[PDB]
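In what follows, a single structure is set out as structure tokens and then discussed.
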RNA sequence: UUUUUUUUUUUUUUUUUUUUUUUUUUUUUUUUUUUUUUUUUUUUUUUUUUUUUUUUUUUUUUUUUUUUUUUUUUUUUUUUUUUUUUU
């Protein structure tokens, strides 16, 4: 089956490629300029705007009698990079919404109303944009609405998304994204700035239910087994302030605790195009199905492949303010961060894989990715993840558990006078948990969080990776060369 | 001490809590501003005083206790009339 999954993935990407090629020709993009990651972003952006069904309802509500509003409902704009003589600039490409719909309906089928097929791939793109926004600008103008601070922001990977995508992206969003959503849903229940809703998810659960259930379900799919998932089960029976308080403490606990939260890679569509043209310029050996997965070393193959000759803008100006500034390899880091979701990964790990030193925001420099008045083109530094690694989704051992099967209330076939490993107390706990015990949960789990943090603050002594874990060479997807990132100071 | 059935799968993967590979919604806004903790641009109360005084630290104009002595002595420093040790 996984080979056929790589094939369906390869077709999915080939569709995105065919759309993008058509989009590039549609706005008049020069052949070399098609490679541009900024152009990837611009097309992907335009597709979000067109596909924003909610905002289209609202647009209609204010579209009024004005013939200028009505004509601009037919036009679609795309700010794109165009180059000449090694210099580069923006152009305002324009095509009608039916032109964009034609390409989309042609490649994905007339039933774009299969919200699953278009929304899956567009969720992944919107997530990549959300990633890049998150590394860029700490979401300030959105958090002035979404009302929460920097630590909450760190756990809120993917929370730059338009609301419609948040259901689609369930697995990969950082726990804070869900938490912030719930906290803001309680504000919406005061403010009326919202419409409440009901949904269903085939292949997962045919349950037919609201944001309340949906969020709690996603929260259960994320939280740590035992106490935190038990708080997740309690959650419908917390009062609203108890929900906010619980959310806060769980969010804080999630700053340490790393239960199942899903990584993903999303390279830009122009990098997928770059992979196609690379395969072409390699004369019939690099095969996209070999790269066609949301997981595993195939992702590092694809990124380092893009690291041969892919192209992007350099503005002389900065996403910065002081006189200290730094090079395109920092853009290359930013791209990597956005592509693999590295924003809360270990910089030391990354420093060894990228095989160059890593950084914090006080040090990070980049451009805006938005097509320029004037600037210059640049191409990729070779092989950049000169070491790779195996991906993953949870803590090494989470927390200390019970005996695995022994030390329970002993059985006795043989008629012999005996001691016993008497354990009726934890047996009665297992009965209490499976019967759904409900008295003293909030505080109980608050305390359990307090002491679990302490236990973890011991467990750190070995709580570090899946036990084969090292930064192997690109000559060593074979995991032959186990080596550590750093000793310390 | 006793007596029969058969339509969800096999000739491998670690020290491990849950479907590990699969399947759809939509009425609070976008095509810029810095090295930054909170709505940065908006919306009502009322019973201790007025139409002057200096270069200035506190109520500047107000409100109660009682067991060691009286109806004299000099130009003046301390109990001026009193109370136990011995190689």
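Taking the stretch A:344-360, which residues are buried (at least 19 other Cβ atoms within 10 Å of the Cβ) and without any contact (Cβ under 8 Å) to a residue 24 or more places away in the chain?
A:350
Which of the residues belonging to the stretch A:30-59 are assigned to a helix (DSSP H, G or I), within 15 Å of RNA strand B (Cβ to nearest atom) and either within 20 Å of the chain's Cα centre (by Cα) or within 17 Å of residue A:99 (Cα to Cα) (or both)?
The initial filter retains those residues of the stretch A:30-59 that are assigned to a helix (DSSP H, G or I), namely A:32-35, A:37-51, A:53-59.
Okay, now just the ones that are also within 15 Å of RNA strand B (Cβ to nearest atom), so A:38-39, A:41-51, A:53-59.
Within the stretch A:30-59, A:38, A:41, A:42, A:43, A:44, A:45, A:46, A:47, A:48, A:49, A:50, A:51 qualify.
Considering only the stretch A:113-122, I want to know if a residue exists there that is closer than 21 Å to residue A:212 by Cα, surrounded by fewer than 17 Cβ atoms within 10 Å (Cβ to Cβ) and within 7 Å of RNA strand B (Cβ to nearest atom). First the steps, then the outcome.
Of all residues in the stretch A:113-122, those closer than 21 Å to residue A:212 by Cα come to none.
Scanning the stretch A:113-122, I find no residue that is closer than 21 Å to residue A:212 by Cα, surrounded by fewer than 17 Cβ atoms within 10 Å (Cβ to Cβ) and within 7 Å of RNA strand B (Cβ to nearest atom), so the answer is no.
Is it the case, given these coordinates, that residue A:62 is assigned to a helix (DSSP H, G or I), away from RNA strand B (no atom under 12 Å from the Cβ) and either in contact (Cβ under 8 Å) with a residue 60 or more places away in the chain or closer than 26 Å to residue A:193 by Cα (or both)?
Details: assigned to a helix (DSSP H, G or I): yes; away from RNA strand B (no atom under 12 Å from the Cβ): no; either in contact (Cβ under 8 Å) with a residue 60 or more places away in the chain or closer than 26 Å to residue A:193 by Cα (or both): yes.
No: the conditions fail for residue A:62.
Only one of these conditions is not met by residue A:352: (1) touching a strand residue (DSSP E or B) at 6+ places or on another chain (Cβ under 9 Å); (2) in a helix (DSSP H, G or I); (3) under 25 Å from residue A:31 (Cβ atoms). Which number is it?
Result: residue A:352 passes all but (3).
Quick test of your reading of the structure: residue A:285 fulfils all but one of (1) surrounded by fewer than 22 Cβ atoms within 10 Å (Cβ to Cβ); (2) in contact (Cβ under 8 Å) with a residue 60 or more places away in the chain. Name the failing condition by number.
(2)
In the stretch A:15-29, which residues are closer than 12 Å to residue A:40 by Cα and outside any helix (DSSP H, G or I)? Outline the logic, then answer.
Pass one, the stretch A:15-29, residues closer than 12 Å to residue A:40 by Cα: A:16-17, A:19-21, A:23-24, A:29.
Answer for the stretch A:15-29, where residues must be closer than 12 Å to residue A:40 by Cα and outside any helix (DSSP H, G or I): just A:29.
Of (1) under 29 Å from the mean Cα position of the chain (by Cα); (2) more than 16 Å from RNA strand B (Cβ to nearest atom); (3) in a strand (DSSP E or B), residue A:78 satisfies all except one. Which?
For residue A:78, the failing item is (2).
Can you find a residue in the stretch A:114-121 that is farther than 27 Å from residue A:18 by Cα, outside any loop (DSSP other than H, G, I, E, B) and touching a helix residue (DSSP H, G or I) at 6+ places or on another chain (Cβ under 7 Å)? Please lay out each step first, then the result.
So in the stretch A:114-121, the residues farther than 27 Å from residue A:18 by Cα come out as none.
No, that holds for no residue.
Does the stretch A:147-166 hold any residues that are under 13 Å from the mean Cα position of the chain (by Cα) and assigned to a helix (DSSP H, G or I), and which are they?
In the first step, residues of the stretch A:147-166 are kept if they are under 13 Å from the mean Cα position of the chain (by Cα); the result is A:154-161, A:165-166.
Within the stretch A:147-166, A:154, A:155, A:165, A:166 meet the criteria.
Yes or no: the stretch A:242-249 includes at least one residue that is closer than 30 Å to residue A:442 by Cα, part of a loop (DSSP other than H, G, I, E, B) and free of Cβ contacts under 8 Å to residues at least 12 places away in the same chain.
Of the stretch A:242-249, the ones closer than 30 Å to residue A:442 by Cα are A:242-249.
Checking the rest, the ones that are also part of a loop (DSSP other than H, G, I, E, B) come to none.
Checking the stretch A:242-249: not a single residue is closer than 30 Å to residue A:442 by Cα, part of a loop (DSSP other than H, G, I, E, B) and free of Cβ contacts under 8 Å to residues at least 12 places away in the same chain.
If only one of A:218, A:235 is surrounded by 19 or more Cβ atoms within 10 Å (Cβ to Cβ), over 22 Å from residue A:54 (Cα atoms) and more than 12 Å from RNA strand B (Cβ to nearest atom), which one is it? Write out each step before concluding.
Values: A:218 fails: more than 12 Å from RNA strand B (Cβ to nearest atom).
From the options A:218, A:235, the qualifying one is A:235.
Answer yes if at least one residue in the stretch A:183-198 is touching a strand residue (DSSP E or B) at 6+ places or on another chain (Cβ under 7 Å) and over 29 Å from residue A:452 (Cα atoms), and no otherwise. Let's see the steps before the verdict.
Going through the stretch A:183-198, the residues touching a strand residue (DSSP E or B) at 6+ places or on another chain (Cβ under 7 Å) turn out to be A:198.
Narrowing further to those that are over 29 Å from residue A:452 (Cα atoms): A:198.
Checking the stretch A:183-198: at least one residue is touching a strand residue (DSSP E or B) at 6+ places or on another chain (Cβ under 7 Å) and over 29 Å from residue A:452 (Cα atoms).
Looking at the stretch A:427-444 only, could you name the residues that are part of a helix (DSSP H, G or I) and under 30 Å from residue A:247 (Cβ atoms)? Outline the logic, then answer.
In the first step, residues of the stretch A:427-444 are kept if they are part of a helix (DSSP H, G or I); the result is A:427-434, A:442-444.
Matches in the stretch A:427-444: A:429, A:430, A:431, A:432, A:433, A:434, A:442, A:443, A:444.
Tell me yes or no: at least one residue of the stretch A:428-446 is out of contact with any strand residue (DSSP E or B) (no Cβ under 6 Å at 6 or more places or on another chain), under 30 Å from residue A:300 (Cβ atoms) and touching a residue at least 40 places away in the same chain (Cβ under 8 Å).
From the stretch A:428-446, those out of contact with any strand residue (DSSP E or B) (no Cβ under 6 Å at 6 or more places or on another chain) are A:428-446; that's our starting set.
If we keep only those that are under 30 Å from residue A:300 (Cβ atoms) too, we end up with none.
Looking through the stretch A:428-446, none of the residues is out of contact with any strand residue (DSSP E or B) (no Cβ under 6 Å at 6 or more places or on another chain), under 30 Å from residue A:300 (Cβ atoms) and touching a residue at least 40 places away in the same chain (Cβ under 8 Å).
Run down A:72, A:131 and say which single residue is more than 10 Å from RNA strand B (Cβ to nearest atom) and either out of contact with any strand residue (DSSP E or B) (no Cβ under 8 Å at 6 or more places or on another chain) or closer than 30 Å to residue A:18 by Cβ (or both).
Values: A:72 fails: more than 10 Å from RNA strand B (Cβ to nearest atom).
Matching residue, one of A:72, A:131: A:131.
The numbers here are math on the coordinates, done by the rules we state, and not lab data. Counting neighbours? That spans all protein chains shown, and the Cβs are built from the backbone with ideal geometry, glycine included.
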